[PDB]
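Next up: just one chain, as structure tokens, the form deposited in one PDB entry.
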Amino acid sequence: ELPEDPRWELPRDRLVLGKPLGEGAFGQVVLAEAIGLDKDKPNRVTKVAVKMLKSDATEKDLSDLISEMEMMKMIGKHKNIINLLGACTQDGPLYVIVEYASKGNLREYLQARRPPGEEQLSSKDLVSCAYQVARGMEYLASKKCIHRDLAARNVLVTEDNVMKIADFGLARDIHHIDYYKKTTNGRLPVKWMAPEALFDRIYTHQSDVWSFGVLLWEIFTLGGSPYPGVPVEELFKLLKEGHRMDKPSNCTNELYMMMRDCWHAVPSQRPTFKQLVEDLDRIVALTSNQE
């Protein structure tokens, strides 16, 4: 069965399962309340998210969920990632307990804050979003983690507006990706892939920087859809031609230069996440919150 790990084990009777938050093919996430998740106070409840298998899950799906939990244990904690908090592994179904991000994914967060046809985001708020995501990615890269699907849909937002990278440990067989498979919202994930990842199946920290450039474009378009109406075969042609997305409106030349630099054709020439954090820290400090 599953091996005991006292560093992370939470007794099942401490976890009160709640409403669904999200679902995949053979995995599901629910909101829950953990009683005494911390050794002191044992009388406090914490809202958490719990990932578990679907009822039609196979041995391979269980292996995949364990692999993701094990990677999260190894990577350790950071403010700008969804952190592992505990697990229920004994005498019942596997529950992987992680931080809850009440405001949901970044794509929906941005779209809900567009001016009418919560409150509007300032230019400083948008650059701060980009900075926090770059900080989470710099941490993951420092821990030898390659995300492989960095996009606003995979960034969650907490109640205190903290950006947290999600699904960085997700089991993924890159030789069995269906390029035609659309996301829940009807978009194609290939549109965030670096050309070397898409054409040659080569995933690196450099290919995650390319994806971060697409994510910057999503931020400054307030959750815009990259290449709307472009099918897989036409996207391949655009990438082969060296096509680059246009500058969004209300985006500085400097932040557009940053997107373009993330999209360098030569992977070695793209900025690193360390470089992006430093530049975004400087830009945040110089960006007005007055509009």
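Numbers follow the displayed sequence, beginning with 1. Definition used throughout: the rigid core is the maximal C-alpha set that superposes within 1.5 Å between two forms.
Separately, the form deposited in another entry exists; it is not shown, and the next lines address it.
With the core held fixed by superposition, the comparison between the shown form and the other one singles out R172 as the only member of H78, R172, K103, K124 whose CA moves by at least 2 angstroms. Once both forms are fitted on their rigid core, the CA atom of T89 lies 2 Å or more apart between the shown form and the other one. In this overlay on the rigid core, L188 has a C-alpha that sits 2 Å or more away from its partner position between the shown form and the other one. Taking the rigid core as fixed, one finds a CA shift for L276 smaller than 2 Å between the shown form and the other one. Annotation: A194/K181 CA-CA distance shorter in that other deposited form than in the displayed model, change of at least 3 Å.
Pairwise change in that other deposited form: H175 and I202 C-alpha atoms lie farther apart than in the shown form, at least 3 Å.
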